[PDB]
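A.B. asks: My questions will all concern the structure given below.
Residue numbers (PDB author numbering), protein chains in the order written: chain K, 11 to 491; chain J, 11 to 491; chain L, 11 to 491; chain O, 51 to 100; chain Q, 349 to 397.
This is the structure:
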């Protein structure tokens, strides 16, 4: 009686929701689709792959569309030997944990707050004086309550043996820049720092790229274990056509253009960290000093094979694809107040920004976007259009956590900040907002950074700003532009 | 030959799926949208913000729609001083870890199972006798196999120094109640306990509110670290209009109504936990005793600016929005059998329920919904409509884990139970089932709780029941109701 | 001036995106739906439930559709007693940690690399010699750099007391096979190993089945704690009709067919692991030796009640549902080169494969798909259609991580490999690609495994291959087929 | 526009480059050579004098 | 990987390896590997990948 009465208890308001219902929950409807197949094919580079060099590949035409694209990287296992035991000790310098430049830079900021005879003190006494000076510095700069000295003395249990390892997220770090080219024109460009920021914000829970890019979430012991043997990494290249099947790049519609991936590789000296400064780093299998020619890479492409009728239709009329392109503003930082002039073009969906200390970069911690003592490097930021506040001054947590909560699949674990003009900037096919930067005379991101950011040992810290913008790729008569 | 043969190998069954295909995977189609912009604007309260008080803000009209809404809370850093060293030691009482009322309440239930001279025993001997009595209690009540005494002696390594900290998820705890008002009418009401339950069930992986609300997942050492300095929290207010862009509140259509947020704040005594009972809690920067006027809050609103044509269309005909409203049944618990009479109205989508021990509340652990010794407080529950079982007796795990698995984005880490009448209760725009409680003469939730729940030291434990219901908000002639 | 200028700054390209816009972000539209209700009902098996037996249930007709289906399993708490203290010590043998067959099998592969007097060595000296021989084995087989001996000596801190526990993910392990039958015909079949693989790949972040199936992510101390008391598990049965509301099984349309669930249960000897070989395992409450009749299970079904008009429409014309069926190829492995001949039928969406060592199975670690020493058991795999490479030789990481990244909600934590022909194999209602195996004369999965896989102590290791295929379920005149 | 060789460049070897099509005509062409700085050491002080 | 930039209708090709040590020893037609073994384990021929 009650369940039937609920179906009868309808009024004029229910008519807007349920009158002439076009859907039922109790019967499945499905759509028929055209026939297609997927094939994954690995292809060698057209030029030699080496650390610090640029390499390119011309993408083969082994199907009708191009869908997924992965850079397959093979890194050798690492071993170490004392320089005294080596017949040829001359190698490039690597970052070493016995010379922690990031910790030395952090100590340099607290030196003015050390009370007593620091120079003559025992090692254990120096560690105590540094921890007390950190409390005095943080009280003076941040009105922070002092932490117990014992809570600041975190011994990272480093192993009592010699090692070397590939840096955190080495699969991204290796790709300093990649360019997707069609007919000799650059269609899009991606950077190592952008790839990491995109994975932090858009990386879905349970599908994080951890193993596929050599990322351990800053657990040095796991990087050491992984680096003792050969590593095979599959780094996704997040081009517009890899984001949705309807955006797959129509190879058949671009028949008269070569499709090329160009990759600028990281220098070998930046890719490795060692336990001690006096160690030589060896290729684990070959027992020779590691060299720039030990980088191996290939391109793994997923091709789509279409039925003849769909292939012929696509060849006759591929039309236009909405694309997202990436733009970059890269700036050196030498002061706590920084203004970035964002000379980006087109309808910008969103931008990302973050800072890297010089000391973190020099320590080989390339994706450590933290400030001094691991703090947030940004105090506040403001966004100006033509000297008018588009976003008034907001604290770092608003740009990092509130913007990520509103617009992104994930909140960043590092100090990555974002701002979206789009309601759904991760939707590759549905435009949901933008600001046209080609119609603004000035776009300025004004930053107030933490105290002493870009001073002394951190002179030439880096500001990264990346923007995502809409453009249109047109296919006509076997050409793409 | 094989791939072409697959496209030809079609029969009468494939016609229902692929005949006259209206979609292709090999060409992107996109829709054009109207022009809009988003602006985030921070606004002060119209009344003073203080602990234990009620404050309100009249929301400004700085755009055409209202989308996201965050309560921006600023909490001072905490320090502690001995009461003997303080010129004015008189402060409100705070929960203290040297007087663990929750642990004392748990010990009180096992006192009848202590064999031997408990009163005269050494401290280490008392801890052994309590762990043995816990085994005897759990064997007698639950037929549990005894745990090794050493496995029950979990020392939480508490630091050997003085501290105070803001309670777990302080950003939610501060909001005892918030009311969204339009034209003086309350449109919706949210509670601290509901906000926490909603984040447990609907909080997406990689987008949990942890930092934004001061939540550490019960790691006291992280709450201590965070509480030594100023904290800025951004607490999302999950109103119907914040859930989807098409539900954004049409400011232009409600021109003759004031829009107000009212917030009832938590008492300061409930917000802080200290290491010892004899400590005074100080504002870390000001070096004065912490007081009710040290709470600071503002409202951060995201406005939508529309193109004139869409703004004019919305002003002429905003029509009706489907809304979700929240209802609450709050009850004291003094017995292991509890019947809650759910006097909720309208088409209910779902309800949540959970229990809080008096001892957990008094210990300042406001979101600890566990039973005695951290067990599940519910043994079983039944749902009755007009004295007829709508859901027959089911064990706690069915209401907690099976209902969350079927209908929610996440399973709760705490003892939160749910039940959905909707197939998709997290879809804000598509009704997918409900029960109309305004047409039921009685709705009863019958609970069998764990043994001794609501007895002795837990007299006046709390039952929370929250329901989500459909209603319609109508916009007409510049008014909303 | 700028925001209005952006709305005016439109060209011929914007017309494809925004001309005649059929959607606005500033007004919600909702659809009305038909009236329905959901009811969860628990039902006993029609036959006795026992370990190692087959049991069936005839599903009741308590609503119009069948939606969710959970196997509710109740396992007793475990206790242990010395065999010498037991009046009837005769019980089935259980795996024991004092006889670690998996560790003994791993040691057997490194015996040829032990230098010195192993037989006469002290226990601590034998552990050192085994760790050194592991380095020599891994250097010889994999060109691995040696790990420090201290880093290989992981003591799992096992408790110094007697225990027994239910094996990891016991809720899946108990279900050796389940069959969904309609009118005496098997519509679909699921296996324990497939259920685990499906949860690894398709299990969403924050909705993993951990507690619901007794899974701890290989933390033996948590399995021990859980196994001391009665456990209630809710194992989801992932039939086609549980995946989407529009696929709910139409009970009213199948009126003349009995609906049955058949379950083949695991043997009791495979379900329990004990600290020592000389222990008897007891039912914790009853204080009797654990026996095959101590398994309890029931079926929890969610019924849908429809409004009379929708019920009558569905009875008159339920039509056809697209279904996914599961197929299995199970093979013994006795060599490092393995060819699996996949005699699957119909349009295959995707397949999963993985290996289990005999030693891992015999140790009771049923979902440990790792190789020797916890390594990846697959070096490479190739997929052939009619002796032509459909997927050329690819390394294990491509089949495990790249395929999961492209097509699945999660990456597997275990050595589960997949390959999809579908762009969205987790979409239950939208076909997005397949390969028709009923039109291929041969489908071969060729595997190169790690060295010594399937040799000596691992003779009769297992290869599992599972495929998901499309079929059509038809409803006509009260019958389903 | 500067372009790398298609094969390895080494003393005493032959190397080739396929010239890219980055414009409509090709005008100037320069071989950009990078030579390392030189130092000397006595053969007696060298761990590998060969 | 050898990139065979040969022209015209190719009938056949030959390939072989010479160790530096065999050449330096004056054994110019010794195409054996290390310890006189076969220097090639396997080979593949690709046209347009």
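All C-beta atoms in this analysis are idealised placements derived from N, C-alpha and C, irrespective of residue type, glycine included.
If we define contact as Cβ-Cβ less than 9 Å, is residue 90(O) a contact residue for chain K?
C.D. replies: On the fourth chain, position 40 is the one that residue 90(O) refers to. For residue 90(O), the answer is no, since every Cβ of chain K falls outside 9 Å of its Cβ.
A.B. asks: By the criterion of Cβ-Cβ separation under 8 Å, what are the contact partners of residue 268(K) in chain Q?
C.D. replies: Counting from one through the first chain, the residue named residue 268(K) turns up at place 258. Residues of chain Q passing the Cβ test: none, with the nearest at roughly 14 Å.
A.B. asks: Does DSSP classify residue 437(K) as helix, strand or coil?
C.D. replies: On the first chain, residue 437(K) is found 427 positions in, with the first residue counted as 1. Note: residue 437(K) maps to coil in three-state DSSP.
A.B. asks: May I ask you to report which of helix, strand or coil DSSP gives residue 503(L)?
C.D. replies: Outside the modelled stretch of chain L, which goes from 11 to 491, sits residue 503(L), for which no answer is possible.
A.B. asks: Report the residues of the segment 200–223 of chain J with a CB closer than 9 Å to any CB of chain K, ordered along the chain.
C.D. replies: Cβ contacts with chain K come from 214, 215, 216, 217, 218, 219, 220, 221, 222.
A.B. asks: Since I believe residue 254(L) is in contact with residue 33(K) (beta carbons under 8 Å), could you give me their beta-carbon distance rounded to a whole number of angstroms?
C.D. replies: Walking along the first chain from the start, residue 33(K) turns up at place 23. Walking along the third chain from the start, residue 254(L) turns up at place 244. The pair is not a contact, with the Cβ atoms about 12 Å apart (cut-off 8 Å).
A.B. asks: Shortest alpha-carbon distance to residue 207(K) belongs to which of 308(K), 154(K), 365(K), 235(K)?
C.D. replies: Walking along the first chain from the start, residue 207(K) turns up at place 197. Of the listed residues, the one whose Cα sits closest to residue 207(K) is 365(K).
A.B. asks: So, at 7 Å on beta carbons, what are the nonlocal neighbours of residue 67(J) in its own chain, with the 5 sequence-adjacent residues on each side left out?
C.D. replies: For this step, residue 67(J) is matched to residue 57 along the second chain. These residues qualify, in order along the chain: 53, 55, 56, 270, 271, 309.
A.B. asks: Answer with yes or no whether the minimum CB distance from residue 83(K) to chain J is below 9 Å.
C.D. replies: Within the first chain, the letter at position 73 stands for residue 83(K). For residue 83(K), the answer is no, since every Cβ of chain J falls outside 9 Å of its Cβ.
A.B. asks: Of all Cβ atoms in chain L, is any one closer than 9 Å to the Cβ of residue 260(J)?
C.D. replies: Counting from one through the second chain, the residue named residue 260(J) turns up at place 250. Residue 260(J) counts as touching chain L.
A.B. asks: In chain order, what residues of the same chain lie with their CB nearer than 6 Å to the CB of residue 242(K), ignoring the 5 residues before and after it?
C.D. replies: Stepping through the first chain from its first residue, residue 242(K) is reached at position 232. Excluding residues within five positions, the ones whose Cβ falls inside 6 Å are 84.
A.B. asks: Counting beta carbon pairs with one atom in the segment 97–112 of chain L and one in the segment 357–374 of chain L, are three or more of them shorter than 8 Å?
C.D. replies: The answer is yes - the segment 97–112 of chain L touches the segment 357–374 of chain L, with three or more Cβ pairs under 8 Å.
A.B. asks: When the distance is taken between beta carbons, is residue 73(L) closer than 9 Å to residue 315(L)?
C.D. replies: Stepping through the third chain from its first residue, residue 315(L) is reached at position 305. Stepping through the third chain from its first residue, residue 73(L) is reached at position 63. Result yes, Cβ atoms of residue 315(L) and residue 73(L) sit closer than 9 Å.
A.B. asks: Using 8 Å for Cβ pairs, my map puts residue 459(J) next to residue 429(J). What's the rounded Cβ distance?
C.D. replies: Residue numbering aside, residue 459(J) sits at position 449 when the second chain is read from its first letter. Residue numbering aside, residue 429(J) sits at position 419 when the second chain is read from its first letter. Not confirmed; about 17 Å, so no contact.
A.B. asks: Kindly say whether residue 46(L), judged by its beta-carbon, lies nearer than 9 Å to any beta-carbon of chain K.
C.D. replies: Counted from its first residue, the third chain places residue 46(L) at position 36. With 9 Å as the cut-off, residue 46(L) counts as an interface residue toward chain K.
A.B. asks: By the criterion of Cβ-Cβ separation under 9 Å, what are the contact partners of residue 42(L) in chain K?
C.D. replies: On the third chain, residue 42(L) is found 32 positions in, with the first residue counted as 1. By Cβ distance, chain K contributes 24, 25, 26, 27, 28, 29, 30, 31.
A.B. asks: Could you name the residues of chain Q that residue 53(K) contacts, counting a contact when the two beta carbons are closer than 9 Å?
C.D. replies: Counting from 1 along the first chain, the entry for residue 53(K) is found at position 43. Within 9 Å Cβ-Cβ: 397.
A.B. asks: Can you confirm whether the segment 212–224 of chain K touches the segment 153–172 of chain K when touching is taken to mean that 3 or more C-beta pairs between the two stretches lie within less than 8 Å?
C.D. replies: As far as the Cβ criterion goes, the segment 153–172 of chain K does not touch the segment 212–224 of chain K, which means the pair count is below three.
A.B. asks: Mind listing the chain K neighbours of residue 359(J)? Cutoff is C-beta to C-beta under 7 Å, in chain order.
C.D. replies: Taking the second chain and counting its residues from 1, one reaches residue 359(J) at position 349. What residue 359(J) touches in chain K: nothing, since even the nearest Cβ is about 13 Å away.
A.B. asks: For the beta strand (DSSP E) holding residue 196(L), just list the boundary residues, first then last.
C.D. replies: Taking the third chain and counting its residues from 1, the one referred to as residue 196(L) is at position 186. Start and end: 195–201.
A.B. asks: Can you find the residues in the same chain that come closer than 7 Å, C-beta to C-beta, to residue 444(K), ignoring five residues on each side of it along the sequence?
C.D. replies: The count along the first chain starts at 1 and reaches residue 444(K) at position 434. Contacts found: 357, 358, 359, 431, 432, 480.
A.B. asks: For residue 357(J), report the span of its beta strand (DSSP E) as first-last.
C.D. replies: Translated into the one-based positions of the second chain, residue 357(J) becomes position 347. Start and end: 357–366.
A.B. asks: Can you pull the chain L neighbours of residue 230(J), defined as C-beta to C-beta under 8 Å?
C.D. replies: Counting from one through the second chain, the residue named residue 230(J) turns up at place 220. Residues of chain L passing the Cβ test: none, with the nearest at roughly 22 Å.
A.B. asks: Taking residue 74(J) as the query, report the chain L residues whose CB atoms sit under 9 Å from its CB, ordered along the chain.
C.D. replies: Reading the second chain from its first residue, position 64 is the one you call residue 74(J). The answer, in chain order, is 36.
A.B. asks: Residue 148(K): beta carbon under 8 Å from a heavy atom of the ligand NAD?
C.D. replies: With respect to the ligand NAD, the structure shown offers nothing to examine, as it has no ligands at all.
A.B. asks: Should residue 58(K) be flagged as near chain O, meaning a C-beta pair shorter than 9 Å?
C.D. replies: On the first chain, position 48 is the one that residue 58(K) refers to. So, interface residue.
A.B. asks: Could you have a look at residue 412(J) and say whether DSSP puts it in helix, strand or coil?
C.D. replies: The count along the second chain starts at 1 and reaches residue 412(J) at position 402. Of the three classes helix, strand and coil, the one that applies to residue 412(J) here is helix, per DSSP.
A.B. asks: Can you find the residues in the same chain that come closer than 8 Å, C-beta to C-beta, to residue 298(K), ignoring five residues on each side of it along the sequence?
C.D. replies: Here residue 298(K) refers to the residue found at position 288 of the first chain. If we look at residue 298(K) and ignore the five residues flanking it on each side, its Cβ neighbours are 292.
A.B. asks: Does the beta-carbon of residue 89(O) have 16 or more other beta-carbons within 10 angstroms, so that it is buried, or is it exposed?
C.D. replies: In the fourth chain, counting from the first residue as 1, residue 89(O) sits at position 39. Counting Cβ neighbours within 10 Å, residue 89(O) comes out exposed, since fewer than 16 surround it.
A.B. asks: For chain L, check one thing: does any of its Cβ atoms lie closer than 9 Å to the Cβ of residue 377(K)?
C.D. replies: Translated into the one-based positions of the first chain, residue 377(K) becomes position 367. Taking Cβ atoms only, chain L never reaches closer than 9 Å to residue 377(K), which makes this a no.
A.B. asks: Determine whether the Cβ of residue 158(J) lies closer than 9 Å to any Cβ atom of chain L.
C.D. replies: Here residue 158(J) refers to the residue found at position 148 when the second chain is read from its first residue. Interface residue, yes.
A.B. asks: Under 7 Å between beta-carbons, which chain J residues line up against residue 295(L)? List them in chain order, please.
C.D. replies: As a working note, residue 295(L) is residue 285 in the third chain. By Cβ distance, chain J contributes 153.
A.B. asks: Would you please verify whether the beta carbon of residue 101(L) is less than 9 Å from any beta carbon of chain J?
C.D. replies: As a working note, residue 101(L) is residue 91 in the third chain. Not one chain J Cβ lies under 9 Å of residue 101(L).
A.B. asks: For residue 331(L), return the contacting residues in chain K, with the cut-off set at a CB-CB distance below 9 Å.
C.D. replies: Within the third chain, residue 331(L) is the residue found at index 321, counting from 1. Correct list: 37, 38, 40.
A.B. asks: Checking contacts by CB at 9 Å: is residue 471(J) closer than that to chain K?
C.D. replies: For the purposes of this step, residue 471(J) is taken as residue 461 along the second chain, with counting starting at 1. It does not: the Cβ of residue 471(J) has no partner Cβ on chain K nearer than 9 Å.
A.B. asks: Run through the segment 55–111 of chain J for me and flag every whole beta strand (DSSP E) of 3 or more residues, listed as ranges in chain order.
C.D. replies: If we require 3 residues or more, the beta strand (DSSP E) runs fully inside the segment 55–111 of chain J come out as 64–68, 75–85, 88–92.
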